Each structure stands twice: as structure tokens, then as C-alpha cells.
Amino acid sequence: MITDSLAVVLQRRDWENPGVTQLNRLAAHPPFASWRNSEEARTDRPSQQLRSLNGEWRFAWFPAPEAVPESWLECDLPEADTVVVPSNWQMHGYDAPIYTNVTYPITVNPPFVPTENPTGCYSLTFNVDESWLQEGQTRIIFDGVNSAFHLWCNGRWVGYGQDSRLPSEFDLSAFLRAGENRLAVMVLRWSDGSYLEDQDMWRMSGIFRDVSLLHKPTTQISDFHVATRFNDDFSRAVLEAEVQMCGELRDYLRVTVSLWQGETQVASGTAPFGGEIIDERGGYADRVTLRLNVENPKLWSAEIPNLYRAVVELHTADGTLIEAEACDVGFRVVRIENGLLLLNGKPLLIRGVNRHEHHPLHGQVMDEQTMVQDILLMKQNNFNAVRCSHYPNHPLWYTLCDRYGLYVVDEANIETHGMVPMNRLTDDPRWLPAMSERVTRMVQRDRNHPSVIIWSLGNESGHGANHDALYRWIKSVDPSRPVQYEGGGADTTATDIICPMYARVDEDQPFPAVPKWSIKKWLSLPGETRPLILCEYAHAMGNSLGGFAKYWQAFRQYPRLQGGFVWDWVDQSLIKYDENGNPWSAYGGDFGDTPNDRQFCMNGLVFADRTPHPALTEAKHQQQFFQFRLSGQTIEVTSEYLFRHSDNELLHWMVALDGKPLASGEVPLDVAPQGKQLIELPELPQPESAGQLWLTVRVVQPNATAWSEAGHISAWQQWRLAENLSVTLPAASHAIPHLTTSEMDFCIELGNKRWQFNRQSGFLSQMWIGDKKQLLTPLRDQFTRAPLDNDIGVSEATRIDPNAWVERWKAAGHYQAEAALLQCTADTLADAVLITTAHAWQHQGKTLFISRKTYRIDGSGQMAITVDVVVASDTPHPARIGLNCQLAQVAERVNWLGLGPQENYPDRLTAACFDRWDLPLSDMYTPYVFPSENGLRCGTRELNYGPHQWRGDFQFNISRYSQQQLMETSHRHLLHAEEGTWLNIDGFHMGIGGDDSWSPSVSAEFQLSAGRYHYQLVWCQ
Amino acid sequence: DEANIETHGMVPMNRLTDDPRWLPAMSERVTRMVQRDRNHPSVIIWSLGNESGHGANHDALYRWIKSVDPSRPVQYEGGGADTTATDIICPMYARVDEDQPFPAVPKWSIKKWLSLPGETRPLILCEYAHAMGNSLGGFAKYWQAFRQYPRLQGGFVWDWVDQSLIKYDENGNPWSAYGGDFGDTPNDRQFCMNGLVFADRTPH
Amino acid sequence: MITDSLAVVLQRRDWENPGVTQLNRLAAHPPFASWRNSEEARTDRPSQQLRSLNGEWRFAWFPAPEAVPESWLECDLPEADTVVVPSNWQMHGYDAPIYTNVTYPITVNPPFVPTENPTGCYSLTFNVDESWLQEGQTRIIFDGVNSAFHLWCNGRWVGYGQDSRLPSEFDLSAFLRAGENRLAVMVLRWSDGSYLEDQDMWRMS
Ligand SMILES: OC[C@H]1O[C@@H](SCCc2ccccc2)[C@H](O)[C@@H](O)[C@H]1O
Ligand SMILES: OC[C@H]1O[C@@H](SCCc2ccccc2)[C@H](O)[C@@H](O)[C@H]1O
Ligand SMILES: [Mg+2]
Ligand SMILES: [Mg+2]
Ligand SMILES: [Mg+2]
Ligand SMILES: [Mg+2]
Ligand code: NA
Ligand code: NA
Ligand code: NA
Ligand code: NA
């Protein structure tokens, strides 16, 4: 067999030819199991005709396709290892995974790939029983192979495939023999299809989804479509089922479509083959259309995922079953009328998130347990929609979104971000066959899923004529779903929905030829009528989602702003091992990949092991389905559910005075969809004790659901009630602190306590309790923070981005400005000691900051610090204005009265509640993989740590890591706990931003721009 | 200018053109025509082909042409001459006053067709007045209607020249042959000769 | 050259695969003449860089692609006649032209064509001056070939084409040698493209 050899098969070079995307590959279709029993098809029991080939395969790695020896087609190589399939081979140490965002990981010369094309040679030896070979068709299904592959069965060449994210099927019935069979798969890392697969993710390769064998009869169901059509009030539905057969037509062949609600049968129909006349030549003799009438169907939504079970039986006229197929059916209609995306007649508000298929140990191989873990965490955090970014997912994902209830945007595997210009391939008709396959085979696979409500043409591919053609193709074959597409400025003719990426709420971004308007402006542009759903917004890179409440204020206010998809769900960090076998989270660059985009792979709301970032609580609160308004004693509760009554909800309210509770109660919620309920509170307590009174309400789900435990909190809100200002005089103690002045220091002693102020630096250098020194570093002003990912942007040491906040802070010298003592005085009062200092921060003769402090140690041992800071108006605005010190104490728990429990920032504090919080010190540090400023708690009135107590109204963070160490360390596993405890206490702190992470995104009301700042602290014990 | 797509023989007529596995083959035939001929001023209308039913591949290729070349209308007859893949209602052999109510692809009369509810496009007959032999009776009825109605903008007579071939009998005398005269079987006999002129371009 | 042989090129059977409509064919474009003088381009005088290959070619008819001998790729067959190109071979008495309106002239089984697929083997021997080979690109333009064809230049496989009514262009600059060149074109009567070419006319090739 010369034509089966590697020298002949590889000479054509099908992976460098966009005109050849497949050879001998079967047609795309919904997932089949080929049940030969209709009751087994109804109850979804596993079919004996669908056989999984997952498990241990033989694997050999090669640097090029030409390096594979000819003997591999007949027998296993001696150097072949045994790997588990599905896997990526970069996760088993054969070459390195590459992380790159925009730049292609190969030389851009389409359609050519490098000759150094890493090649994975898979082989499997397996037995086929002889009953499969006597009759029928046996196909092999590769659910996903990255990137391209040739297939051999028993040394004979079967076919070729591309499009890594959709299933490739090949007929093997002329290739298999009885008994022992060998199956050789040669997987290439790069192909012509890699130019269409430039998604921002780790570039891996291999057989990364399931491999299976399917045995079908000779006359078989080749395709089936379900479509639901409704009347005006959704009380009568028509399930239109279109079944296609292949094989030889017989007049005794029948098709029965039965519809089941659990165990009871709702509708049924039967028909012989032969469609209606559609043109001059007749109709389809090999197709049927069955129309089933359903009276009062239970409608599918993400709130209530009502599913039916449709069973399609191919059988003869006397009644013997040939084949059964089945799919879950949800009755739902998605349409855009009058500029609004409607589901079942109601306007959606998309609480969405982008989700890559990522596992930190297995790369891009997804199992069911991680998918179920993601869906539960999404619904417990008030998400109702997922965008498949940016490729079709594993087929089980759509089934689980049908079952639990999530809207799905299904997206074609087309991204050519790296091209210059971005539409170089998508405006070329020579690439229209390759692009069409990626769209048409997605729609043919996934059109029956009720959770898929929107088709997407891909991501970031410019706007070419191939998008307009593929837009119109989908609208022809599937009118039941809108089509969206972002590229070319988000409002082209190839989209039903304006879908911008990272457009801001109020700020325009006038880029040439693709401007990102503000989303409020974008709706009102002349001639613009479509709804706006952000396909990516609120870039969650590290310590981010500042200003997330501004989006959700705008989403609720404007009807045609129907929400969006947060970028993104999970960090794409991988696991490496250092030297002791200790795992650590790796990002781009850590595998020797070059060039790479470093930490832009980690943008998740959860870590790669699915533990939450603190920004997930902010997303949960802003996306909550109950809105609250307080007016006196009355709470109105507005439901934002569209379809369900609040039948698993009770409102729990509490009133507390500076953290200690005074009154509480529980009210059951009975609120209609989009309705209101007035909750009259009782006569709330009116304590004459000083302090702010706080009302907190919570919506608790008493019963467990499919996706939540009992007692799940789904919504909350807090308000300030009446305040009593403290007019009580301090207790006049009779002791007096004693001031001692040397030429080195001022020394103030009172009882066992002692304070020392260095007269050359001007700072409080040491404090004593008895004979224990309390400080390791003096109490100094701090105007900087360890920069966030939003502060850094796309700036690195080679390419400075001069607009980024960290580059403006470095160029202004904020990180290296030195304090210069201007004056220092110490005075004894009638009841206190008064220390007054003044410092200037200068960089190259330019005074950046001036801080004037006042230390007042009274007879009670309290030290009242008042700080007045002047900031030069021409320097960039400082990241913080506050104090830091390194305490000598390492206590185990941190106690504070303020906003919490989780870390919060001035533009990310709406989810935090004011209460008395008590956490261990390890919970006060957020372990971001790229270390930065973290752990801040805002709105704090009291902080307790060890013997110390601080009072005022301040922001703090408290950790074992200095801001200097967090700035200079690239990974969190390289952080070492310092001696003692670093405390930062800020009067004022800049917002964190997070509209995007590559331009300055901190809005002007969260910048420290006032020029003069004042704050007060009381240090005591 | 008309793309080289006709699948008249298929049952049903859109069996290939509603199949996305044939969309790469159909797109090449359309996109390479437009890339060759878009600079000619005499080309005023693109045509997606002839007699291929109406599938989703026509709608995609319609929208492709409107994107790359907005300067020319696109017409397409298949699927009943008034589908979403045509800018112009272009029926084949629709009569002036008589309806032909075929199931799912009716040929209305051209006066009725313009006035159907929601219909706004112009009507240009892509084939009319079939000139097979001694024919073109009632040709004046079309041209009375073309001049009377503004949205009836004429049409294309089928067709210009007879497709007869030359054979030689026994003395070397040439004679005009039609379908069947070469041993071809099955064939459609004299339906190849529909011209207004003979094959040597002398007039009927 | 095993991969240039007829046993390897024809084993793929590109004419029964609607996913393969061309191999190594250049992009479509408006008609070019490549004038090296702008006044000659303005007055539409004939370009010396556009060379017609019309004229007398060698032709051999075969009932099937499998019946073509391997020696045809290197030298002319002894039974080869001399035909004028452009022509249809049914007008020269090699098989019959078929007239059919609606019914396909083959069995309707897409994308498969009959194994009795009449095959016309064209060949041309021609001289290229060395100035074309020193610099630049030399392409061959087939303005129309009914129905599908494989192309060889000097025994090396160049490419494949379908769509009988539009031009097929192939880069030959890595295939031509100085002096005498041979160009072998194997034209098939039926292909997968014939299912898209069911116009009411004489079916020729
Ligand atoms: O999937 C869409 C993507 O868009 C790009 S914008 C390009 C800005 C950029 C370029 C190069 C390196 C880093 C950022 C974002 O960086 C990604 O995080 C993701 O949102
Ligand atoms: O190019 C479009 C063609 O349409 C067909 S209709 C089909 C009627 C028919 C069928 C079979 C044999 C004869 C006539 C005409 O016969 C042709 O002359 C030409 O107008
Ligand atoms: Mg290819
Ligand atoms: Mg991208
Ligand atoms: Mg082909
Ligand atoms: Mg016809
Ligand atoms: Na809204
Ligand atoms: Na990213
Ligand atoms: Na008129
Ligand atoms: Na005719």
C-alpha cells in the first residue's frame, strides 16, 4: 500500500491548505447514541452501540511530521509511552504550552506553518466484536483534536480533520476486521486552521476530548431537528420535528416522535417518509416533518429549567424498532422585537460570564465534575448566562446548562486577532470555505439545545464579507436564535445585537474606525435600534471589578441595555512543581514560552482550583434578583425574576448598633415576577447609646435546590438608620505623660507605656508596653501601593506604556521619593503631650507631598494622630494617603468594626456589609497569583490586632508581606512571610478600576485628586 | 452575469444548495465570478445561477455579493422567484394575465405578482417567450404590459441561437442535428433549439 | 517521483470530492496582461508578457482515468492525434455529445460520478525563453476546461481544477526549465462539479 504510506499522505500537506479542511469526514449532526430500545432511549440509559475508546493509548512525540517512521503505521514504536486519552500532551511534558494573547505563536505566513511542527503519534489497539461487522455502519468519533490529524485504521489511511473544537467522524466499517484492530492517529500542532484559532488562551495540542465508536444500522436516522412554535400567550405550542434518514428507502418505514414529561407521555405522532412539495422537482423522499400539539407547555428558562424528553423512533409499519434517538426539549422562544431581546415574551437581563474550558492540571480537558462545579458556583453567585469563549464546548456542557438552567451563547471557533489588519483572512473568499465549516458544523451539532439562545460568529476577526455571508446562513437555517458578532466595531450588519467589548458606562473611547462609545451613548446613535449586550466587560484581572456597580446601575435603568458577560470565569493558570514537589500556579512565561503575555491569562472570578476571588461577591451582589428600597419603616422588595414566584425565599432582617444586634425577624417573601412586596418593619429600637444604627436584610432560601444548599443567601442590602453622635466628654484621668527631650529623640512615658519619636527622621520610631518593643519599622507616611494588574496594564520593561498608572507613578518618583523633616516640635499641655511634625517628599527638587502631623498622647494612654497632607497638583494622583508600620506582634486573629468580611476597595465596596468582623490573619491576605496590593478593608471605624486598637474612619490592610515585597515578587509562591506584621492604615485610597486592564480605567471620582487631605486616628491599648 | 450553478436534475431541486457540505463548492463558483468580472461596466446585475431551488447557500452567497459589491443588484430565480436571495422578482415564463398556481412555487401572472401583499421589488422576467421553432405568439401582450406598468421592466427572451449541431449524412452534405442524433440516450430531442436565429445566425 | 505518478494522483479521486474544488490554483482577479510600458497599456496593444498557447496540441482519448498509461507523463503516446486547442473533443469524433435538459447525463449519486468517465489527455510541447525564468512569476491560465483536470508540467504534478466556466491559473515558475517544456493536462468529463452544471445545453468536454 503505497498510497497509505506516510510519504504519500504527508506529501500533499493538507495542513497547509485552507481549501482542504477535511477528507472523508462524515456530516455533522446532533449527538447520537443509536439506542435499539425506545424505553432505554427515553430514560437516557447508556447505549451498548456507543463505545468509549477513552483510556490508555500509546503515544510518541516527534518534532516534525517528516520524522515519523513508516513502521508506526503497522506496529507500536519501542519508544512509545502510555498516555491517558483525552489529554493535552504539553501537560505530560513533551513540549511546552505557549500562552499568547494576540501575537500568533508561529510566524504569520498564511497558510504556511513552520516545518518544525510538533507531532503527536497516538495509537490504540482494540477489539471489535463480530456483531458490529456483520451489519450496519461503524464510525469513530473524535470529539476534539488539536489541531489537525490524519487517521489510519489497520495501516490503511482513513481521513483527515481540522477544527479542533468540533467532532470529527469517520466511517470505519470498511477498515475494521474481526478481533484485534489498530488505530493510528497523527496529530499536528500547527495547521492552516491555527490561523483561525488565535484565542487568548494556552496553546496546547493533542486528543483533548473523548474518542468513541458508534454502531448504527444500515437504514438509520441521519439528522433530526426540533423546533417549538407558540401562540401569543404561550398556552399552546407546536413541536415541529424534522427527521432525516439515510440508507435505502422502504415504504414500510415509519418515524414516531414521542414527547415525555418525566414518565407521562404528552404528545406523539407517526408518519411515513416523504416531505411536502417544496419546489418544481418535488419534496424530500427521505425526510419527515412531525407536528406535535402541546397544550399549556412548561416553558424552559434559566429560572425554571423545565425539560421534556423527545424520543425519535425509526421503525417499520408492523412495529419492530430499527433505531431510537432522543434529545431534551425545552419550550422557549428567543426573539428580538422592538429593540429588546425577549425570552418567552419577557425582556432578558443577562447576568453572564465568559468561560474558557480550563483545568490547571489537565489543561483543556474537561470532565463532568468540573463542569458541575462551575455551574453550581455560577448559579450560587447569581449568574444566569455563559458565553462559550471562544469555541464550541464539550457536548456535555450544553446538556448541563439545559438541566440546571443557564443561557448559552454558542460561539464559532474563529478568531484571527493576530492578523494585520484583523480581517485579512475573513475578508478573503479563499478562506470562506474554512470559515463556513466552523460555523455550519457548530449549528448542526448544537441547534437542538434549549440553553443555546444566541449564536456567535466568533471573536475578534475584524469585519469581512465572510461574516456577512455566515450571518445570513445562520438566519436561514435557524431563525429561532439571534446571531451576534463583535468584530468590526460591534454594530456591523453581521450582528443582531450591539455587542461591544469593554465599552464603558459613561466614557467614550474614540478609536479610529472602531470607536468604543459609552454604552449609554451607543444606544442613542442615529438609526440605531438593536439591543446592547456586552459580550465582554469588567475585566477581572487580579484585584479588579472596580466600578462594577456602575454597569449594573445602567443595566437596570436602561431597557435596551440587557446586561453582559464578565471576562471571565476562571484563571488560566497551570500547575508547576518547584523542587520539593510543591505545586505552584504558573502563568505565561513560566514554561519557557517566548514571546508570551505573562499574567494576562489569569482573568478569572475564581482561581483555577475554583475557589473564589473577592470580586465574585461583588458580582453576586450587583446581579442579585431582588432589589430593595427603604422608606422609613417600610422595605419594598422588587423581584427581578421574569418567570418564577418567590416560593423558596424568606427575608431575614437585623438591626445592629456598631455591630451588636438589637432586633431581628423573618418575613416570608411572596412576590410575583417583576412584582413588589412591602415589608413593614416593627417599631425599631431607639438606643440612646452613641453610634450608627444599621439595618441589614437578607434573602435566604430555606429549601435546597438542584444548585444550592439549604440556607443559601441569594440577596442582601444594608442601610444606615438613625445615628446618635457622641457628646460624652473623655474621662479626665489624673496621670500626665512625661516628656523627655534628648537630642536624638523625644521620649514620652505614661505608666508602663512609652513612645519614642526620632528627632532626625521625625517619625514615631518605637513604642513600648512594659519592656516589649511594639514596632520593627517606624510609623511613616505611605503614598504608594504595590501596583495592581490594572495599574500596570500592558507595560513591561521593554515597552513602557506611559499612560499606565504605574509608569506615571514611577516617572514622578512616588516609589523613590524620600521624606525630609521640615520641623519637629514637642510640647507639654495641661493634660497631654503634643508632638507636631512636618515632612516633605521630594523627587529631583520637586516637592511631591507635604505631610503635617500632630501626635497627642493624653493621660489615658491614647495617642491621637491627625494628618494633613498636601499633594502637588501636577504630580499624578497618589495611590493612597496613609500610614504604615511593621508591628512586632504576630497575632492570630484580626478583629474590626467596618466593611467586610472580604476585601473591598472604594470602587468595589457595595457587596461588603458594615459589621463586627473577626478573621484569622491568613484571611486578611488575598493570594493573587501575581502579587499586588490586596486585603484592604474600607469603612473601618475600629481595628483590633493583638494588644493594639486603632479608631477613626480609615481603610486598612494587614499582612505578613510588605508593599515592597509584593511589588518586587512575580509569583505568590515566592513570597516569604516577614518578621512581624505589616499594617497599612489609609485615610484615603484610590479605586482599583477594571473596565479593562490595558488602559487607565479608574474613574475620576475614585482618584485622589482633591489636593488636600485630612484624617484622624487614635492608637490605644 | 450568472454563476455556473444549476442543479435542475436534483430531487428536490435544492438538495445540494440547502446542504452546507456543498457551500464551499457553490461559493467558489460565485466568488470567483465576481472577482473576475466586477470591473466591467456592462455587467449591471449579478445572478446566483439558475434552477437550483432555494437553499440557505443561496442566501449566504446573496449576502456575500452585497457586501463585496454593493454597486450591482443580485437576482436569483429559484425557489419561486421572489425569495430573500433576490433583489428583483425574476420569474421564468410567467404569463401576462394567467396565473399558474403550482404548489409551493406558483407562477403568478406578472401583473398580479407586483401587487401581492408586502411586495415592493421590480419584476424583470429572466426567461420569457420561449422561442422554440414557430413561436413568440402573444409577444405583443408582454410588451404592452412592460410599457404600461412601471415596475415591469422587461425581460430576457429565451433564447438567442438554436443549439443545433452539424452532422454529415453520406455525401458530405451538412445537416442540422438536435438531441438524439448522436446516439445520446436519454435525450430531450428538439428542446435544444429555442433560438431567435438559426445556429449559423440567420434569423427566424 | 512516486507522488507525481498517475497511481498516486488519481487515488485521491479529487473529482468525486466536493470539498476539493482546486489544488494549488491561484487567486481569481480581473484579466491581466502585465504591460511593462504604460503607453502600450493605454492603447491596449498586445503584451509580450502574455503568450497564447492556443494551436496544435496532442490528444489521446481514454474511457476512464485508470486507463491512462504512466508513460503519458513523460512523452507523447504513439496513438495521440493532433487537435486544435481550444476545442471540445466531442466535435472531433471521440465520443458523443449529450443533449439533456433536466435529467443528469450520469447516475444521480452525489458526489460520485461513473467509473466510465471519459478522459481526454492533452499535451503541449513548447519553448520558454530564459528571460522568463531569470526573474518573476510565470503562470499558466486555462480560461475554461470542462469538466475537471489535473495538470502536469515536465512530469511533475502542478495542480487540479474544477468550475469549467471560470479561468484556472497555476504558478509554473518552479516547474519550467530553459528550452523545451512539456505540459500534460488530463481532462475528465464528469466530476463532482458536474452536479452543479446541469444547464439545458449540449454536454461537451
Ligand atoms: O478574549 C478577548 C480578549 O481581549 C483582549 S484585549 C487586547 C489587549 C491586550 C493585548 C496584548 C496583551 C494584553 C492585553 C484582552 O486582553 C483579553 O484579556 C480578552 O478580553
Ligand atoms: O434554461 C431554462 C430552461 O427551462 C426549461 S423548463 C422545463 C420544461 C421541460 C422539461 C424537460 C424537457 C423539456 C421541457 C425549458 O424547457 C428550457 O427550454 C429552458 O427555458
Ligand atoms: Mg487544510
Ligand atoms: Mg483575542
Ligand atoms: Mg472535487
Ligand atoms: Mg435547466
Ligand atoms: Na435593562
Ligand atoms: Na486573557
Ligand atoms: Na415598465
Ligand atoms: Na432548451
Side-chain angles (χ1 to χ4, degrees), chain A residues 19-20 22-24 99-102 198-203 339-342 346-351 354-356 358 389-390 415 417 433 459-460 501-502 505 519-520 523 531-534 536 539-542 544 551-564 566-573 587-588 596-604 623 627 640 642 674 789 794 930 996-998, chain B residues 21-22 24-26 28-29, chain C residues 10 12-23 25 110-113 147-150 159-164 188 190-197:
Chain A
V20 176
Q22 54 87 27
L23 294 169
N24 304 120
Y99 177 65
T100 179
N101 182 359
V102 180
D198 195 64
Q199 289 86 11
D200 188 7
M201 61 182 178
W202 288 97
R203 318 300 171 103
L340 297 177
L341 181 67
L342 302 184
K346 299 293 190 292
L348 287 176
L349 182 56
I350 297 299
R351 295 166 167 85
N354 286 299
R355 178 184 178 269
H356 277 284
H358 179 80
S389 66
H390 306 282
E415 175 163 352
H417 202 154
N459 190 22
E460 281 175 339
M501 283 170 64
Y502 309 103
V505 178
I519 59 171
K520 293 177 181 178
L523 292 176
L532 195 150
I533 298 168
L534 290 156
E536 304 184 8
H539 192 265
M541 186 177 176
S544 181
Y551 282 99
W552 281 92
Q553 195 274 329
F555 291 162
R556 289 184 172 98
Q557 185 179 0
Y558 295 23
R560 282 174 57 234
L561 294 177
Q562 302 197 9
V566 176
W567 188 268
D568 58 352
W569 176 247
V570 62
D571 288 334
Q572 288 175 347
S573 65
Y587 52 80
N596 63 75
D597 283 293
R598 42 186 184 86
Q599 78 262 35
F600 279 92
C601 63
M602 300 184 296
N603 315 123
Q623 292 171 352
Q627 297 292 310
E640 285 188 348
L642 302 176
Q674 290 174 347
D789 283 328
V794 292
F930 183 78
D996 55 354
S997 298
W998 51 91
Chain B
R21 291 173 64 86
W22 287 87
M26 288 176 64
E28 297 269 326
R29 290 169 182 264
Chain C
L10 301 182
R12 274 273 184 99
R13 299 183 73 86
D14 295 325
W15 63 93
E16 291 185 351
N17 187 2
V20 176
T21 62
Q22 54 87 27
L23 294 169
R25 185 171 67 189
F112 302 104
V113 297
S147 175
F149 69 102
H150 286 282
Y160 173 76
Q162 294 182 1
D163 192 1
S164 65
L188 303 179
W190 312 114
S191 65
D192 50 339
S194 298
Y195 289 101
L196 301 178
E197 293 178 355

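Note that ligands are numbered from 1 as they come in the structure, with each ligand's atoms numbered from 1 the same way. Note on naming: letters A, B, ... go to the chains in the order of the sequence lines (proteins, then strands), and numbering restarts at 1 for each one.
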Under 2.8 Å from the Mg ion (ligand 5) - protein N/O/S, by chain and number: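 Listed by chain and number, the nearby protein N, O or S atoms are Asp14(C) O, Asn17(C) O, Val20(C) O, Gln162(C) NE2, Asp192(C) OD2.
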Inter-residue atom distance [X].[atom1] - [Y].[atom2], 0.5 Å rounding:
X: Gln572(A); Y: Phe600(A); atom1: CD; atom2: CZ; answer: 13.0 Å
X: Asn24(A); Y: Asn17(C); atom1: CG; atom2: CG; answer: 7.0 Å
X: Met541(A); Y: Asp568(A); atom1: CE; atom2: CG; answer: 11.0 Å

If you take all heavy atoms of [X] and [Y], which pair is closest and at what distance?
X: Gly588(A); Y: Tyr99(A); answer: CA-CB, 3.9 Å
X: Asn603(A); Y: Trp567(A); answer: OD1-NE1, 3.1 Å
X: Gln162(C); Y: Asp14(C); answer: NE2-O, 3.5 Å

- request: Could you list the residues that satisfy side chain to side chain donor-acceptor pair (under 3.5 Å) with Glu460(A), not counting sequence neighbours?
  value: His417(A)
query: Applying the side chain to side chain contact (heavy atoms under 4.5 Å, CB included) test to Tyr558(A), which of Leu523(A), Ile519(A), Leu532(A) qualifies?
result: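 Result for side chain to side chain contact (heavy atoms under 4.5 Å, CB included) with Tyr558(A): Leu523(A).
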- prompt: Do the side chains of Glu197(C) and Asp163(C) get nearer than 4.5 Å, heavy atoms only?
  reply: yes
message: Parallel, tilted or perpendicular, judged at 30° and 60°: which one describes the rings of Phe555(A) and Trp552(A)?
response: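 Judged by the thresholds at 30° and 60°, the geometry between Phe555(A) and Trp552(A) is perpendicular.
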- request: Can you label the angle between the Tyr587(A) ring and the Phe930(A) ring as parallel, tilted or perpendicular, going by 30° and 60°?
  value: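 The arrangement is perpendicular - the two ring planes meet at more than 60°.
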- request: Measure from the ring center of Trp998(A) to the ring center of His539(A) and say whether it is less than 6.0 Å.
  value: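 Distance test on ring centres: under 6.0 Å, yes.
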query: Are there any protein N/O/S atoms under 3.0 Å from the Na ion (ligand 7), and if so, which?
result: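 Hits for the Na ion (ligand 7) below 3.0 Å: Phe555(A) O, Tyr558(A) O, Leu561(A) O.
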query: Would you say the side-chain atoms of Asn354(A) pair up with the backbone N or O of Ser389(A), donor to acceptor, closer than 3.5 Å?
result: no
message: At a cut-off of 3.0 Å, what protein N/O/S atoms sit near the Na ion (ligand 8)?
response: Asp200(A) OD2, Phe600(A) O, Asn603(A) OD1
